[PDB]
Amino acid sequence: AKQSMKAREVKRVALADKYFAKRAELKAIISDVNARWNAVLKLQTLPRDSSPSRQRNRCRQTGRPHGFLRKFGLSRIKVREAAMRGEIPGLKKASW
Amino acid sequence: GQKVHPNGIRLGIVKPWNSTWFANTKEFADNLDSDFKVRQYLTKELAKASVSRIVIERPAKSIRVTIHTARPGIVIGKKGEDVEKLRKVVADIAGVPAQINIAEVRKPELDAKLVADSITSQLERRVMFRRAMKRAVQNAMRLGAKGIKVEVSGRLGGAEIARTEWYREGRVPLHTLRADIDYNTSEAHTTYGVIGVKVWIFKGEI
Amino acid sequence: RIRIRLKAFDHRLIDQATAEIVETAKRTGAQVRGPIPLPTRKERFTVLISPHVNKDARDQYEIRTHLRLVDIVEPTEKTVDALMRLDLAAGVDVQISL
Amino acid sequence: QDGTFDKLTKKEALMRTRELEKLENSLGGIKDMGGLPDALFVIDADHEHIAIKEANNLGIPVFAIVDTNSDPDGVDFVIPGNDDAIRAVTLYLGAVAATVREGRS
Amino acid sequence: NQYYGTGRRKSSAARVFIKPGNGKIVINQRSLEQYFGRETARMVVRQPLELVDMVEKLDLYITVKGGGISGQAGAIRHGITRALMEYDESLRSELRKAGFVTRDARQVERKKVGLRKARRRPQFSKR
Amino acid sequence: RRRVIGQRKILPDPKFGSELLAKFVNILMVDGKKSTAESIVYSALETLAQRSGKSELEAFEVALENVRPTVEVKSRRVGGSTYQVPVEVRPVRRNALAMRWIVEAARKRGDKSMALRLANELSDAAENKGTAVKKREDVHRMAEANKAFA
RNA sequence: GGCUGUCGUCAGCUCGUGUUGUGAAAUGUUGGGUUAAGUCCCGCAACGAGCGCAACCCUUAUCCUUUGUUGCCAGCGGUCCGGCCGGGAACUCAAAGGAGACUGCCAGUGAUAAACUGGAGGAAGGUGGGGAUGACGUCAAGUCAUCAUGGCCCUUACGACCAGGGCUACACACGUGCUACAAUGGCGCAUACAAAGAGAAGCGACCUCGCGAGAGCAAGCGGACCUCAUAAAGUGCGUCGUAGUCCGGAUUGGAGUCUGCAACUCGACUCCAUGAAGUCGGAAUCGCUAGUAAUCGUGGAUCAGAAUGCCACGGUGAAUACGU
């Protein structure tokens, strides 16, 4: 299969999906530094395997750090082998 | 190999799809994982089922999977107990009461998967293949489907060299979208290497 | 006199867009006549979920949407200052049709 | 009358009809039945030796008006007529048409 | 009657005035000599306008927010040709047949998602 | 060809008979830009006295002496093939050929309009600048260098 | 296996029957024009057909059916002078569907044919302007390092976790682009100058400072509604008149801001210092067919973050194509 082995980035930017959309407006004081939270803001050091800063273009097919788009998560270089699938809005090969 | 998969090109045509829908932008990962899990885990144990086609669709948070079988004898099994077990397994994997439907199919002549499987079995039987190729072509032509093409890989006997033959006969307009062409390649692990067989069927028009 | 070609996108958005699209267009002075019972209707893009050989099934996306019947005649300045300044109802399209 | 007219498209259909009009004009009479002619009445031999050769290969008698400078070997019913004088050939074809019209008794 | 009209080129949004008199010309708070006389844009931004009624003869209180310099020229041309319909109600055919309301090809072509210029090799000819 | 025909008669310039100025822009006519040049020549020369320090009356043709070529390329069919064979510059192409290639590189080379390009590119010739002069440096490659085969 | 580059958006590759030849084979597909052309037509012992091309696909050149929310504000009330509210959806803009270019026509060249030419009709004349569409093959081409994959090792391991570095290090050369070598430019002043896009883990409106970096505060939006976003080369205003230059910015510090636990090798960005080589580049060589070159920037994807790369948008805007 190999899908699970190369799914390192799948579980890195998934938990926090809705952890700030409805919290930033209400907790803007905590979210925004009132300067310096040298201790509270450094708590991200403890998780060394999943964090917002660890985003690496999730690709379960090959696990490489390339090939992602937050808008739809569609191919940008694999299009060469999947140009007929119709998954190329906005970004397409530049020959025309 | 500059060719392209006809099924992928037929995404915008009434022919059945594999993965396409419109939904919220924050639920792509889980939905894709569920679709991959159900597709991968709904065919591995169906080796003896000989199901003609299983299609899983998720338009908008709804599953309407369709199953078409080829031979009633080889799929009924022990009074359909295996079918019920598979339905329960897929339902518990998805967590919802999937509306499973079974549609009877017959005439194992114009089905690309069945003819490809028969060709692979005959090749594995240690018998001649060109005669089987011609027989399949003429059988397909006899029952309609004006247009068909076949192709086999090499690796014959104890020879590392490989050759490719087509023996095409009829109309196989791959370039034109309005051709309702069907194709499903298969492979067989023979004594020396793996032999791949590809079949294209042009079953009339819209 | 007012027809709407509603573009349905999803269920989460429509759940609030059924009413919140024009809920802010009437405070005290607007001429909107309020919600209509609006029995079940199927409105969406001219796209089918999966057209097949069966031409009678005509599978389509099922979304609960409500067409706008604003029909204002004399809104006040304050009543419609925020006619479109809505924080909810992701999907909004007031496509009036004479 | 059913599909080409307006079922799918008209511009492409119009171009297709314009292209096929010449084909429709060609083979005006030969398209009626299955053919298999039992004879021929070609007006010349040297100019149309291909038809005579085909008939000879298929053993079809030819009642050709062989020209004075053509090859009479191919035609089994050589007629020492003329190819010019459009009036003369018109009279000949009219006479043969009249004879065949009443040839069924 | 007051001959008003917007017009555009490249998604512009102008406010074109045409009335008898009103010698002062306010082209988006500019000056007459700054956009129509004795400067870079003396005539290039009015080449099609030469064929149509002269600009100086008709007041133009235009707040044209859109288009390049030639884009602004085309937007002004479109606005005037679509605004003086009240002056000549039959121009809907005349100007239509005179090639004055047509979106002139003297512009960057409207494109799908494509190359730098969408018609030639960009400035990276190296391959 | 047995006989050859000369150049087509063209009327002079009523203003000052400046053939060079007329040929500078007439060959380059496009999109009806003749009116722009006609209205720009006078406006430019009005202020050029202070813009460049000289008036476009006598200094307009003081840095173009080298423009006049002595040998020009002519496609002549000899020995069963085309060849240059640089002959003396006949009046048909001595000036017209060189004049037609002057604004070919000084057309939109750093201004949004041709209001100041045409006058400035030629006025700069008095300060060891411009491009109309260096154009003659390329014709010498095929002339007076292959006398063995020409 | 699949995919890609290669001849190659090149006009191509074959077959059935018929015909000619004892035969291998040939014709079809050798010729004329369109010519981009096995597209098309004509002539033709060839007739047709199967794959390639064209159109059938998307965008754009005009108008129309349907239609106005945030967008335009024709006309009506003042103008909360930006058209803000209703309101008209005439209509700019927008789309659910179409027509309009199709040798359609006048005349001539041309075997009368085909085709071409001169003209007219129309916004659009001889695919109106661009793309998606790469054949038989093709090179033991590359890809087992994207994946799968026959065979070759072994599993206390040429397996791996962790912690530094390295792909950017130099003794040089090569390929690419950018910066410039300026006055067709530089300075500050006034000035109207875009679109496609992207974004509830986001831009961050506005408010205060930092020459600035960006920070303290912050509405908005689920995006025809809130931000990137003001446009630039340009013009008039004074300037140096070619000054190794107010050009150019590498380059060797500091003060510092932010991204990030942490960034000399291996973060970005701002100010002062830095004012070098380079003042259009030899041998030579390459890209260029109308919006062409030539440019000016704008942003988006990639972004914990780090473009001169790549993608995408506009602003303007010429000649050369006589010729095989």
Side-chain angles (χ1 to χ4, degrees), chain A residues 2 16 19-22 24-25 34-35 42 44-45 52-55 57 61-62 64 66 69 71 76 80-81 90-91 94 96, chain B residues 1-2 168 171 175-177 187 193-194 196, chain C residues 5 13 46 72 74-75 77 80 84-85 87 90 92-98, chain D residues 9 11-12 14-15 50, chain E residues 4-8 10-11 13 15 27-30 34-35 39-41 64-72 78-79 82-83 85-86 96-97 99 102-103 105 108-114 116 118-121 124-126, chain F residues 28 30 75 100-101 103-104 107-113 116-117 120-121 127:
Chain A
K2 197 255 272 167
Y19 277 31
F20 264 95
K22 296 95 207 177
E25 49 249 38
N34 299 292
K42 269 50 162 183
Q44 193 139 270
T45 306
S53 182
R54 230 169 290 283
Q55 171 54 294
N57 274 7
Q61 170 157 33
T62 180
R64 286 212 91 72
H66 323 319
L69 170 54
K71 168 150 183 145
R76 92 291 165 205
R80 207 134 55 166
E81 304 85 6
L91 295 166
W96 83 270
Chain B
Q2 315 302 342
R168 187 256 305 289
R171 301 209 69 196
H175 275 41
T176 202
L177 308 174
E187 259 175 347
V194 178
Chain C
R5 314 303 219 290
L13 323 187
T46 57
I72 41 153
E74 188 57 280
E77 178 262 315
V80 286
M84 280 290 123
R85 196 116 300 287
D87 213 303
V92 180
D93 199 67
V94 184
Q95 202 182 127
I96 309 305
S97 186
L98 64 143
Chain D
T9 39
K11 175 53 59 175
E12 303 102 286
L14 275 160
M15 284 184 179
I50 185 169
Chain E
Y4 233 129
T6 290
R8 76 94 210 183
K10 262 64 199 298
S11 284
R15 177 179 75 186
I27 305 301
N28 207 317
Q29 301 147 226
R30 294 172 59 72
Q34 210 195 125
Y35 201 65
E39 86 305 11
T40 177
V64 57
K65 306 234 287 169
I69 55 107
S70 267
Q72 272 185 348
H78 217 187
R82 285 252 181 71
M85 183 181 168
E86 268 149 32
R96 149 62 141 68
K97 300 295 237 297
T102 282
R103 201 198 178 184
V108 178
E109 298 92 350
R110 189 67 260 284
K111 308 170 181 184
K112 298 181 293 185
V113 298
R116 180 263 150 185
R119 258 217 77 153
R120 286 293 167 267
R121 299 99 164 189
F124 76 119
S125 315
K126 61 105 200 183
Chain F
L28 214 87
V30 66
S75 188
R100 287 158 145 69
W101 300 339
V103 187
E104 278 187 327
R107 69 290 214 201
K108 71 140 286 288
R109 44 158 57 174
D111 276 314
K112 277 282 138 170
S113 169
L116 69 153
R117 313 177 189 158
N120 200 277
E121 71 96 47
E127 301 89 326

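Naming: A, B, ... by sequence-line order, numbering from 1 per chain. Side chains are part of it too, since the values below use all heavy atoms of this structure and drop only hydrogens, waters and symmetry mates.
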Does [M] pair with [N], Watson-Crick or G-U wobble, where both distances are under 3.5 Å?
| N | M | result |
| --- | --- | --- |
| G/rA115 | G/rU109 | yes |
| G/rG197 | G/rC228 | yes |
| G/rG238 | G/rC15 | no |
| G/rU65 | G/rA120 | no |
| G/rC147 | G/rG1 | yes |
| G/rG220 | G/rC203 | yes |
| G/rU227 | G/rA198 | yes |
| G/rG2 | G/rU34 | no |
| G/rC53 | G/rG202 | no |
| G/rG21 | G/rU242 | no |

Touch class at under 4.0 angstrom, heavy-atom based, for [X] against every strand present:
| X | value |
| --- | --- |
| C/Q95 | nothing |
| E/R30 | base |
| B/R171 | sugar-phosphate |
| A/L91 | base |
| B/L177 | nothing |
| A/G90 | nothing |
| E/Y4 | sugar-phosphate |
| E/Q72 | sugar-phosphate |
| E/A105 | nothing |
| E/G71 | sugar-phosphate |
| E/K111 | sugar-phosphate |
| E/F124 | sugar-phosphate |
| F/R109 | base |
| F/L116 | sugar-phosphate |

Watson-Crick or G-U counterpart of [N], or none if no pair lies under 3.5 Å:
| N | value |
| --- | --- |
| G/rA190 | G/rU235 |
| G/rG87 | G/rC73 |
| G/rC7 | G/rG137 |
| G/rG323 | none |
| G/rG249 | none |
| G/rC269 | G/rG256 |
| G/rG68 | G/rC93 |
| G/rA157 | none |

Suppose you measure atom [atom1] in [N] against the same atom in [M]; what distance do you get, rounded to whole Å?
| N | M | atom1 | answer |
| --- | --- | --- | --- |
| G/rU4 | G/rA145 | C1' | 15 Å |
| G/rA101 | G/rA123 | P | 11 Å |
| G/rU133 | G/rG214 | P | 43 Å |
| G/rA182 | G/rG275 | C1' | 15 Å |
| G/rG32 | G/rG8 | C1' | 28 Å |
| G/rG130 | G/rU35 | P | 16 Å |
| G/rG234 | G/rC225 | P | 34 Å |

Can you tell me whether the base of [N] sits syn or anti, using the 90° cut around 0 to define syn?
| N | value |
| --- | --- |
| G/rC102 | syn |
| G/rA200 | syn |
| G/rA201 | syn |
| G/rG82 | syn |
| G/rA124 | anti |

Are the six-membered base rings of [N] and [M] centred less than 5.5 Å apart, with their planes inclined by less than 30 degrees?
| N | M | answer |
| --- | --- | --- |
| G/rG214 | G/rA215 | yes |
| G/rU274 | G/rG275 | no |
| G/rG16 | G/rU17 | yes |
| G/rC206 | G/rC207 | yes |
| G/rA263 | G/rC264 | no |

Shortest non-hydrogen separation from [X] to [Y] and the atoms involved:
| X | Y | answer |
| --- | --- | --- |
| A/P52 | A/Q44 | CD-OE1, 3.3 Å |
| E/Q72 | E/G67 | CG-O, 3.6 Å |
| E/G114 | A/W96 | CA-NE1, 3.1 Å |
| E/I69 | E/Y35 | O-OH, 3.2 Å |
| A/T62 | A/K2 | CA-NZ, 3.7 Å |
| E/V113 | A/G90 | CG1-O, 3.2 Å |

Interatomic distance, A/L91 atom CG to A/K71 atom NZ [nearest 0.5 angstrom]: 10.0 Å

Audit row: A/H66, A/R76, side chain to side chain contact (heavy atoms under 4.5 Å, CB included) steps and yes/no: CA-CA 9 Å; A/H66 323 319; A/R76 92 291 165 205; 3.3 Å; yes

North (positive) or south (negative) by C1'-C2'-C3'-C4': which describes [N]?
| N | result |
| --- | --- |
| G/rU127 | north |
| G/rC81 | north |
| G/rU4 | north |

Upstream residue (5' side of RNA chain G) when E/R8 and D/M15 are each assigned their closest nucleotide: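 Whichever sits nearer the 5' end wins; that is E/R8.
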
Contact nearer the 5' end of RNA chain G, comparing E/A13 with E/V113: E/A13

5' to 3' contact window, RNA chain G with chain A (heavy-atom distance under 4.0 Å):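 Terminal contacting nucleotides, 5' to 3': G/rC3 to G/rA312.
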
C/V94 vs C/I96 side-chain heavy atoms within contact, under 4.5 Å: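 Contact flag for C/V94/C/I96 side chains = yes.
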
